[PDB]
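Throughout, protein chains are lettered first and strands after them, A, B, ... in sequence-line order, and every chain is numbered starting at 1. Note: hydrogens, waters and symmetry copies are ignored here, and every other heavy atom, side chains too, is used.
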Amino acid sequence: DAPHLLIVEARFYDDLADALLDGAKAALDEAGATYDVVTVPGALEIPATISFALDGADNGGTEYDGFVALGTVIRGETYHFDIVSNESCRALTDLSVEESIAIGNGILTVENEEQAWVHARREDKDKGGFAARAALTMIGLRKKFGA
Amino acid sequence: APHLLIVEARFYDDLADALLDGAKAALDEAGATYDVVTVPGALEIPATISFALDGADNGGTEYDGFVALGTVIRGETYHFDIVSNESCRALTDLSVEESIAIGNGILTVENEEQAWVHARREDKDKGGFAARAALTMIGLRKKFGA
Amino acid sequence: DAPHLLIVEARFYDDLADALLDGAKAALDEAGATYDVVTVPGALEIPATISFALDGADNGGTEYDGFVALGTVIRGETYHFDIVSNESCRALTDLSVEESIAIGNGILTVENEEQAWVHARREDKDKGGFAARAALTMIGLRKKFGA
Amino acid sequence: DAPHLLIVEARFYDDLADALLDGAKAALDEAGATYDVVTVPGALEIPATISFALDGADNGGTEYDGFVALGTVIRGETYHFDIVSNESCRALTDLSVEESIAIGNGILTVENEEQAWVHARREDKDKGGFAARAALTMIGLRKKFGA
Amino acid sequence: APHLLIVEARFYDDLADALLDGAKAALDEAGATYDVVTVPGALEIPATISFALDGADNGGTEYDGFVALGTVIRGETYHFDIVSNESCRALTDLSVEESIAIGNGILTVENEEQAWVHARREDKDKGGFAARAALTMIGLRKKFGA
Ligand SMILES: [Ca+2]
Ligand SMILES: [Ca+2]
Ligand SMILES: [Ca+2]
Ligand SMILES: [Ca+2]
Ligand SMILES: [Ca+2]
């Protein structure tokens, strides 16, 4: 009965990811919703992962009620960052419309390493927390419309 | 009479009301009915409409059009610009893809001040214009027999 | 027998829109093509409008040979303009590919009122006319390939 | 038996376009491939044209083995150059994946007339020849995977 | 064992060799096999993978995953950010659209020096990471039973 979410986390900063993962798990537990957790090389692999789960569920696998996307992108000195942030947000959003699914977007786009934690921890910004609530919020509507 | 679905994203309850007020007014004045749901951000509006569309395919509410409302001010963080482009993009695509009437009332201003100059139905009434856009599209959608 | 296209115009500035429309109409008349005209609030609603026409044609509705999209986007003070410029273009481009249809893109993106007129007027740059001519060229290619 | 490609050229600057087309045609000649040439007014019209060709093939029309897209965008005064550059590239790439086709991308995006010649001329950068060759390369990979 | 298709876009033969080397090493180390095909630019990579997928359908090689390699060095012109943007965009979509495992090894650096820092396996081993990324995605793809 209680929604079972699939948390897809992209981690390069074990410390940071742990903050978001905790943040997301926090809000989810308080809401009393079960969940699994898979790990991917980067934010860009999050969409495909969700896509894998949907395909699996269509083959009798776990039929998730919603998904939470966690990851951290910091704009360093290389150009391989602005692209990740944009395209990940784009893919996730399209996937959400295309597959008519609930997806909490916790892919944080931070400038420096500092803001990464400000937004990471659940005590401060708790962006991982909002992601879960967003997910559940979306799961709620998804249910409401009986999609 | 057209039954619209108003999907709003709200972070600043206040600003969101000026917009929902505008949208609701415009729809009321045109004699259109509607339901209202809420989402945490502009980016979730596309998916919400998607749900409604799927839901209607399974005996759910058969909406005639949609009204998207939200506010995205460019502050300092980068999690603003991207939200603005994608929301607009996803909404536009959704409308073409599903061939549906969508009133785009997602505001993209530079500051809190410009937000109300667009929100309040006393000013630019962006919410009202969005609702009217929706109605316009619904009318076009019918005229063509889509 | 002669090409019949659907002019979809987004009109905020009534005068500018009349100028573009005059341009589009003059070019279409000159080639011997016919057309219907529908109005929408903004450039962003043109792709869907065309989408409506295509659907309606699949239901015994009007069968257009091509489309002309007319609109005027003036980079004002608000940031809500560069978005309309990009997406309208991208949305139209995709639609033309996705649906293999002839679309003259006459959505102007100008810096101000002055350039709007410089571009909208048939007497000057005639973008409405060029968009119509582009639609006609595309219809020609479309017929040539037998699509 | 030799590859037969369709060259879709966006033609605005006649001389540059001729250089470009000369580069492509020469590259296709040297490899023994044949080609048809169609003209559109802008780069944004190339993807759809290719779309028509594909639709026509299904309708008993000419079956092409690959496509060469030629065009020249020079960042000038209008803001309708950054959009054309990105969206045409995006549209073509998207089209190549979606339809699994061989497309040589010779749409040039240069800062000025001088660089346009440096790139367009077969005797220099020969971007037209590169695109025609890129197209033949993709046709080769296409046959290789038996697609 | 997994059989991958490495699609490399190569202009700078030296950098390409680095990435390829790094990718092959990471795949052999995991016991995965692979075929290598070469394209002119990063933008042809998505379509190449598309050809593979297509060919599989006709009794052609069935790949369990793909590794895309290329290096886009932002020069003095802006026609590098386009290639960089659209290739990353196209691969991400193909991975979602076809639900396949794709290791993104397309490098987007500021200068040549950085390319080598990312290309060399002794360094940031981006080629190896893309290959590893692909394996991970293959594992996950298996886990969910995609
Ligand atoms: Ca002046
Ligand atoms: Ca010089
Ligand atoms: Ca095939
Ligand atoms: Ca090891
Ligand atoms: Ca097979």
Return the option, out of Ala52(E), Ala56(E), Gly60(E), with the maximum number of heavy-atom pairs under 4.5 Å with chain D. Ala52(E)
Listed by number, the residues in residues 97-128 of chain E that come under 4.5 Å of chain D (heavy atom to heavy atom) are none
Atom group of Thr61(E) that falls short of 4.5 Å from chain D, counting heavy atoms: neither
Output the residues of residues 134-147 of chain D for which the shortest heavy-atom distance to chain E is under 4.5 Å, in residue-number order; output 'none' if no such residue exists. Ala134(D), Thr137(D), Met138(D), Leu141(D), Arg142(D), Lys144(D), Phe145(D), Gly146(D), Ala147(D)
Given the rule in the side-chain contact (heavy atoms from CB on, under 4.5 Å) test, do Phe81(D) and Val73(D) qualify, once you have shown the distances and angles that lead to the verdict? CA-CA 6 Å; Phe81(D) 297 111; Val73(D) 185; 3.7 Å; yes
I'd like to know whether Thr92(E) forms a side-chain contact (heavy atoms from CB on, under 4.5 Å) with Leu94(E), so could you lay out the CA-CA distance, the side-chain angles of the two residues, the decisive distance to 0.1 Å, and finally the verdict. CA-CA 6 Å; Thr92(E) 304; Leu94(E) 186 57; over 6 Å; no
Side chains of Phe66(E) and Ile49(E): closer than 4.5 Å at any heavy-atom pair? yes
Is it the side chain or the backbone of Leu53(E) that comes within 4.5 Å of chain D heavy atoms, both, or neither? neither
Tell me the residues of residues 83-91 of chain E whose non-hydrogen atoms fall below 4.5 Å from those of chain D, in number order. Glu86(E), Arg89(E), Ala90(E)
Would you give the length of the straight line joining atom CG of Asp54(E) to atom OG1 of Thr48(E), rounded to the nearest 0.5 angstrom? 12.0 Å
Between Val8(D) and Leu6(D), is any pair of side-chain heavy atoms under 4.5 Å apart? yes
Considering only heavy atoms, give the residues of residues 9-46 of chain D separated from chain E by less than 4.5 Å, sorted numerically, with 'none' for an empty result. none
